[PDB]
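Structure file input34.pdb; described as PDB, C-alpha atoms.
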ATOM      1  CA  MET A  53      -2.876  17.220  -0.955  1.00  0.00           C
ATOM      2  CA  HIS A  54      -3.369  18.178  -4.612  1.00  0.00           C
ATOM      3  CA  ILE A  55       0.229  16.905  -4.843  1.00  0.00           C
ATOM      4  CA  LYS A  56      -0.491  13.531  -3.141  1.00  0.00           C
ATOM      5  CA  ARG A  57      -3.605  13.032  -5.303  1.00  0.00           C
ATOM      6  CA  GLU A  58      -1.676  13.799  -8.516  1.00  0.00           C
ATOM      7  CA  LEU A  59       1.056  11.368  -7.451  1.00  0.00           C
ATOM      8  CA  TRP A  60      -1.530   8.710  -6.573  1.00  0.00           C
ATOM      9  CA  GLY A  61      -3.169   8.960 -10.012  1.00  0.00           C
ATOM     10  CA  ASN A  62       0.214   8.708 -11.716  1.00  0.00           C
ATOM     11  CA  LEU A  63       1.042   5.707  -9.445  1.00  0.00           C
ATOM     12  CA  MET A  64      -2.137   3.875 -10.581  1.00  0.00           C
ATOM     13  CA  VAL A  65      -1.157   4.438 -14.255  1.00  0.00           C
ATOM     14  CA  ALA A  66       2.469   3.424 -13.700  1.00  0.00           C
ATOM     15  CA  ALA A  67       1.389   0.237 -11.921  1.00  0.00           C
ATOM     16  CA  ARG A  68      -1.231  -0.646 -14.578  1.00  0.00           C
ATOM     17  CA  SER A  69       1.397  -0.222 -17.306  1.00  0.00           C
ATOM     18  CA  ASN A  70       4.017  -2.352 -15.505  1.00  0.00           C
ATOM     19  CA  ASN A  71       6.266   0.696 -15.183  1.00  0.00           C
ATOM     20  CA  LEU A  72       7.857  -0.485 -11.956  1.00  0.00           C
ATOM     21  CA  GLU A  73      10.704   2.052 -12.185  1.00  0.00           C
ATOM     22  CA  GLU A  74       8.156   4.918 -12.115  1.00  0.00           C
ATOM     23  CA  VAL A  75       6.123   3.156  -9.323  1.00  0.00           C
ATOM     24  CA  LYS A  76       9.342   3.013  -7.231  1.00  0.00           C
ATOM     25  CA  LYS A  77      10.104   6.688  -7.908  1.00  0.00           C
ATOM     26  CA  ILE A  78       6.651   7.759  -6.765  1.00  0.00           C
ATOM     27  CA  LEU A  79       6.698   5.570  -3.616  1.00  0.00           C
ATOM     28  CA  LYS A  80      10.048   7.170  -2.621  1.00  0.00           C
ATOM     29  CA  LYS A  81       8.076  10.472  -2.249  1.00  0.00           C
ATOM     30  CA  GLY A  82       6.316   8.954   0.772  1.00  0.00           C
ATOM     31  CA  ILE A  83       3.137   7.355  -0.607  1.00  0.00           C
ATOM     32  CA  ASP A  84       1.938   4.227   1.210  1.00  0.00           C
ATOM     33  CA  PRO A  85       0.554   2.100  -1.660  1.00  0.00           C
ATOM     34  CA  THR A  86      -1.510  -0.106   0.700  1.00  0.00           C
ATOM     35  CA  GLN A  87      -3.732   2.660   2.073  1.00  0.00           C
ATOM     36  CA  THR A  88      -6.670   4.048   0.124  1.00  0.00           C
ATOM     37  CA  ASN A  89     -10.015   5.800   0.628  1.00  0.00           C
ATOM     38  CA  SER A  90     -13.365   6.801  -0.843  1.00  0.00           C
ATOM     39  CA  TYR A  91     -11.859   9.425  -3.137  1.00  0.00           C
ATOM     40  CA  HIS A  92      -9.563   6.769  -4.694  1.00  0.00           C
ATOM     41  CA  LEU A  93     -12.530   4.366  -5.034  1.00  0.00           C
ATOM     42  CA  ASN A  94     -10.857   2.125  -2.404  1.00  0.00           C
ATOM     43  CA  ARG A  95      -8.454   0.910  -5.104  1.00  0.00           C
ATOM     44  CA  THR A  96      -4.696   0.376  -4.775  1.00  0.00           C
ATOM     45  CA  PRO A  97      -1.849   0.089  -7.287  1.00  0.00           C
ATOM     46  CA  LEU A  98      -1.888  -3.677  -6.610  1.00  0.00           C
ATOM     47  CA  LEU A  99      -5.349  -3.774  -8.256  1.00  0.00           C
ATOM     48  CA  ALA A 100      -4.124  -1.489 -11.011  1.00  0.00           C
ATOM     49  CA  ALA A 101      -1.186  -3.785 -11.730  1.00  0.00           C
ATOM     50  CA  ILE A 102      -3.425  -6.856 -11.781  1.00  0.00           C
ATOM     51  CA  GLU A 103      -5.945  -5.357 -14.209  1.00  0.00           C
ATOM     52  CA  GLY A 104      -3.121  -4.167 -16.518  1.00  0.00           C
ATOM     53  CA  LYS A 105      -1.605  -7.686 -16.540  1.00  0.00           C
ATOM     54  CA  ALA A 106       1.454  -6.037 -14.983  1.00  0.00           C
ATOM     55  CA  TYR A 107       2.230  -9.177 -13.038  1.00  0.00           C
ATOM     56  CA  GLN A 108       5.864  -8.390 -12.190  1.00  0.00           C
ATOM     57  CA  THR A 109       4.794  -5.077 -10.672  1.00  0.00           C
ATOM     58  CA  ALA A 110       1.977  -6.860  -8.777  1.00  0.00           C
ATOM     59  CA  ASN A 111       4.515  -9.385  -7.447  1.00  0.00           C
ATOM     60  CA  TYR A 112       6.882  -6.615  -6.341  1.00  0.00           C
ATOM     61  CA  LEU A 113       4.118  -4.717  -4.570  1.00  0.00           C
ATOM     62  CA  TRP A 114       2.799  -7.879  -2.872  1.00  0.00           C
ATOM     63  CA  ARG A 115       6.292  -8.860  -1.678  1.00  0.00           C
ATOM     64  CA  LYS A 116       7.512  -5.434  -0.542  1.00  0.00           C
ATOM     65  CA  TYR A 117       4.415  -4.078   1.253  1.00  0.00           C
ATOM     66  CA  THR A 118       1.712  -5.534   3.490  1.00  0.00           C
ATOM     67  CA  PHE A 119      -1.464  -5.618   1.418  1.00  0.00           C
ATOM     68  CA  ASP A 120      -4.775  -7.144   2.464  1.00  0.00           C
ATOM     69  CA  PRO A 121      -5.448  -9.357  -0.628  1.00  0.00           C
ATOM     70  CA  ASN A 122      -9.177  -9.574   0.267  1.00  0.00           C
ATOM     71  CA  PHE A 123      -9.665  -5.799   0.599  1.00  0.00           C
ATOM     72  CA  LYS A 124     -12.391  -4.739  -1.824  1.00  0.00           C
ATOM     73  CA  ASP A 125     -12.587  -1.587  -3.895  1.00  0.00           C
ATOM     74  CA  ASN A 126     -15.877   0.235  -4.541  1.00  0.00           C
ATOM     75  CA  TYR A 127     -16.556  -1.953  -7.564  1.00  0.00           C
ATOM     76  CA  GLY A 128     -16.458  -4.884  -5.101  1.00  0.00           C
ATOM     77  CA  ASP A 129     -13.131  -6.330  -6.418  1.00  0.00           C
ATOM     78  CA  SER A 130     -10.259  -7.462  -4.195  1.00  0.00           C
ATOM     79  CA  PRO A 131      -6.808  -8.431  -5.491  1.00  0.00           C
ATOM     80  CA  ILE A 132      -7.730 -12.102  -5.131  1.00  0.00           C
ATOM     81  CA  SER A 133     -11.220 -11.851  -6.610  1.00  0.00           C
ATOM     82  CA  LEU A 134      -9.993  -9.773  -9.568  1.00  0.00           C
ATOM     83  CA  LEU A 135      -7.263 -12.383 -10.260  1.00  0.00           C
ATOM     84  CA  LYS A 136      -9.905 -15.111 -10.013  1.00  0.00           C
ATOM     85  CA  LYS A 137     -12.045 -13.284 -12.576  1.00  0.00           C
ATOM     86  CA  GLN A 138      -9.058 -13.132 -14.956  1.00  0.00           C
ATOM     87  CA  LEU A 139      -8.319 -16.842 -14.415  1.00  0.00           C
ATOM     88  CA  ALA A 140     -11.915 -17.705 -15.429  1.00  0.00           C
ATOM     89  CA  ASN A 141     -11.843 -15.379 -18.469  1.00  0.00           C
ATOM     90  CA  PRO A 142     -11.271 -17.299 -21.800  1.00  0.00           C
ATOM     91  CA  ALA A 143      -9.359 -14.414 -23.322  1.00  0.00           C
ATOM     92  CA  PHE A 144      -6.404 -15.092 -20.992  1.00  0.00           C
ATOM     93  CA  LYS A 145      -3.603 -17.278 -22.310  1.00  0.00           C
ATOM     94  CA  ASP A 146      -1.765 -20.168 -20.528  1.00  0.00           C
ATOM     95  CA  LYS A 147       1.300 -18.028 -19.660  1.00  0.00           C
ATOM     96  CA  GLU A 148      -0.855 -15.336 -18.099  1.00  0.00           C
ATOM     97  CA  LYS A 149      -3.039 -17.836 -16.299  1.00  0.00           C
ATOM     98  CA  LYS A 150       0.036 -19.527 -14.711  1.00  0.00           C
ATOM     99  CA  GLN A 151       1.112 -16.137 -13.343  1.00  0.00           C
ATOM    100  CA  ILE A 152      -2.419 -15.448 -12.119  1.00  0.00           C
ATOM    101  CA  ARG A 153      -2.620 -18.772 -10.378  1.00  0.00           C
ATOM    102  CA  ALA A 154       0.748 -18.251  -8.673  1.00  0.00           C
ATOM    103  CA  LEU A 155      -0.371 -14.822  -7.366  1.00  0.00           C
ATOM    104  CA  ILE A 156      -3.682 -16.239  -6.072  1.00  0.00           C
ATOM    105  CA  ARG A 157      -1.798 -18.997  -4.335  1.00  0.00           C
ATOM    106  CA  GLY A 158       0.674 -16.695  -2.753  1.00  0.00           C
ATOM    107  CA  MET A 159      -2.019 -14.314  -1.538  1.00  0.00           C
ATOM    108  CA  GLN A 160      -4.304 -17.029  -0.135  1.00  0.00           C
ATOM    109  CA  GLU A 161      -1.645 -19.348   1.318  1.00  0.00           C
ATOM    110  CA  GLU A 162       1.487 -17.397   2.355  1.00  0.00           C
ATOM    111  CA  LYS A 163       2.264 -16.605   5.958  1.00  0.00           C
ATOM    112  CA  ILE A 164       1.141 -13.335   7.528  1.00  0.00           C
ATOM    113  CA  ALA A 165       4.333 -11.593   8.813  1.00  0.00           C
TER     114      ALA A 165
END
As structure tokens, please, write out the structure in this file.
Amino acid sequence: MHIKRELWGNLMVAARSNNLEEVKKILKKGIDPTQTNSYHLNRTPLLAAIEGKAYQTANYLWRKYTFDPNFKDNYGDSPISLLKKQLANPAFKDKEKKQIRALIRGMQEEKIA
């Protein structure tokens, strides 16, 4: 309860910082990273990874769990729309933008299992 909320907050930080080893350790304790709620602002660690430019962690999460890439948080951002905002932002470099584009493509176009 308190424990799950403390783990969730640490999971958001680990994902935003691309600390995939610590993400994996927390998810082994039974947290479903795809499910969220009001209290957590309807965010997930997939969003956290995207906004931290933690693209390898975002890729892992996307591949290993079933996320809805159009599910919005309480700011109104989904994984896809947040990536699209990054892709349009001039501060992002070519190497980052190629990774962003590949994640958008995978989320919009890949098969639903």
Selection near residue 107 (chain A), 8 Å with all atoms listed in the file, sequence-local residues under 6 positions removed, as a PyMOL selection string:
chain A and resi 70+101+151-152
Do you know which residues are at most 10 Å from residue 121 (chain A) counting only C-alpha atoms, after dropping those on the same chain fewer than 6 positions away, and could you put them as a list in words?
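Contacts, with the query itself left out: residues 98, 99, 114, 130, 131, 132, 133, 156, 158, 159 and 160 of chain A.
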Which residues, written as a compact mmCIF listing (two decimals) with C-alpha atoms, in the coordinates of the input, have at least one atom at most 8 Å from region 134-149 of chain A, with all atoms listed in the file counted and residues fewer than 5 positions away on the same chain left out?
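result_7.txt was written with the following content:
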# COMPACT_ATOMS: atom_id res chain seq x y z
CA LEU A 99 -5.35 -3.77 -8.26
CA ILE A 102 -3.42 -6.86 -11.78
CA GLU A 103 -5.94 -5.36 -14.21
CA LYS A 105 -1.60 -7.69 -16.54
CA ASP A 129 -13.13 -6.33 -6.42
CA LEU A 155 -0.37 -14.82 -7.37
CA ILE A 156 -3.68 -16.24 -6.07
Name the residues in contact with residue 76 (chain A) at a cut-off of 10 Å, using all atoms listed in the file, excluding same-chain residues fewer than 3 positions from it; report them as a PDB file with C-alpha atoms, in the coordinates of the input.
ATOM      1  CA  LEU A  63       1.042   5.707  -9.445  1.00  0.00           C
ATOM      2  CA  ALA A  66       2.469   3.424 -13.700  1.00  0.00           C
ATOM      3  CA  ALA A  67       1.389   0.237 -11.921  1.00  0.00           C
ATOM      4  CA  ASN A  71       6.266   0.696 -15.183  1.00  0.00           C
ATOM      5  CA  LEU A  72       7.857  -0.485 -11.956  1.00  0.00           C
ATOM      6  CA  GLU A  73      10.704   2.052 -12.185  1.00  0.00           C
ATOM      7  CA  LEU A  79       6.698   5.570  -3.616  1.00  0.00           C
ATOM      8  CA  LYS A  80      10.048   7.170  -2.621  1.00  0.00           C
ATOM      9  CA  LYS A  81       8.076  10.472  -2.249  1.00  0.00           C
ATOM     10  CA  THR A 109       4.794  -5.077 -10.672  1.00  0.00           C
ATOM     11  CA  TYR A 112       6.882  -6.615  -6.341  1.00  0.00           C
ATOM     12  CA  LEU A 113       4.118  -4.717  -4.570  1.00  0.00           C
TER      13      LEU A 113
END
Find the distance between CA of residue 157 (chain A) and CA of residue 95 (chain A) and write it in Å to one decimal.
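For CA of residue 157 (chain A) relative to CA of residue 95 (chain A), the distance reads 21.0 Å.
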Around all of region 126-137 of chain A's listed atoms, make the axis-aligned box with 6 Å on each side and tell me centre and edge lengths in Å to one decimal, as lines of an AutoDock Vina configuration file.
center_x = -11.7
center_y = -7.4
center_z = -8.4
size_x = 21.7
size_y = 27.3
size_z = 20.4
Report as a tab-separated table (two decimals) with C-alpha atoms, in the frame of the given file the residues that result from applying the PyMOL selection byres ((chain A and resi 57-61) around 10) to the structure here.
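Saved the output as out-v8.tsv:
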chain	number	residue	atom	x	y	z
A	53	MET	CA	-2.88	17.22	-0.96
A	54	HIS	CA	-3.37	18.18	-4.61
A	55	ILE	CA	0.23	16.90	-4.84
A	56	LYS	CA	-0.49	13.53	-3.14
A	62	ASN	CA	0.21	8.71	-11.72
A	63	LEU	CA	1.04	5.71	-9.44
A	64	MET	CA	-2.14	3.88	-10.58
A	65	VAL	CA	-1.16	4.44	-14.26
A	66	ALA	CA	2.47	3.42	-13.70
A	75	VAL	CA	6.12	3.16	-9.32
A	78	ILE	CA	6.65	7.76	-6.76
A	79	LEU	CA	6.70	5.57	-3.62
A	81	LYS	CA	8.08	10.47	-2.25
A	83	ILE	CA	3.14	7.36	-0.61
A	84	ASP	CA	1.94	4.23	1.21
A	85	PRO	CA	0.55	2.10	-1.66
A	88	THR	CA	-6.67	4.05	0.12
A	91	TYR	CA	-11.86	9.43	-3.14
A	92	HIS	CA	-9.56	6.77	-4.69
A	96	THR	CA	-4.70	0.38	-4.78
A	97	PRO	CA	-1.85	0.09	-7.29
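Shortest separation to residue 86 (chain A) among A:68, A:115, A:163, A:150 occurs at residue A:115, atoms counted being all atoms listed in the file.
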Any idea what the distance is between CA of residue 120 (chain A) and CA of residue 77 (chain A)?
22.8 Å
Any idea what's packed within 8 Å of residue 126 (chain A), counting only C-alpha atoms, ignoring anything in its chain fewer than 2 positions away? Could you give it as a list in words?
residues 90, 93, 94, 95, 124, 128 and 129 of chain A
Could you work out how far CA of residue 69 (chain A) lies from CA of residue 165 (chain A), giving the answer in Å with one decimal?
28.6 Å
My list of candidates is A:89, A:125, A:164, A:154. Which is closest to residue 111 (chain A) when distances are computed with all atoms listed in the file?
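Of all the options, A:154 lies closest to residue 111 (chain A).
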